[PDB]
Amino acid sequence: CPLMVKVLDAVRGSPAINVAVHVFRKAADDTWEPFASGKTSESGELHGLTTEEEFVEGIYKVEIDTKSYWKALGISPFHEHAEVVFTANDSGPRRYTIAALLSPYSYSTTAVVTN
């Protein structure tokens, strides 16, 4: 699995469960063609987004639907979504975890890149 997503909730100290995640890749014509998506699991994780064959170098965007998550808990949020835009770079063996930590008015994201 070359690309995983992991989301945490800073208010509840828990995985952020049932969070919608969309991944896009920059296309020839500079358009963000949908690439993959899913909903975080009970552990706050989303695996199986893509395969190594499909996950070529390129610019990618991972959009995390944070606004719907906070609405489902009844907490007024600032952002429409959290967005993580990065270039995948095919330098030998590499797996990518995009982690996000959510609060109503803040978020952090980190990339954990391993061989």
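Don't overthink the numbering: it's just position in the shown sequence, from 1. Here, rigid core means the biggest group of C-alpha atoms that superpose within 1.5 Å across both forms.
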| note | Comparing 59-67 to 82-90 by root mean square Cα deviation from the shown form in 8 other deposited structures of this protein, core aligned, the larger deviation is found at 82-90
| task | Could you check which stretch, 16-24 or 91-99, carries the larger mean CA temperature factor in the entry? | result | 91-99
| field | Greater mean Cα temperature factor according to the PDB record, 58-66 or 33-41 | value | 33-41
| said: Lowest, middle or highest third: which one holds residue 108 when the chain's residues are ordered by CA B-factor from the entry? | reply: middle
| message | Can you tell me whether residue 72 has a C-alpha B-factor in the lowest, middle or highest third compared with the other modelled residues of the same chain? | response | highest
| Among the modelled residues of its chain, does the C-alpha B-factor of residue 85 lie in the lowest, middle or highest third? | lowest
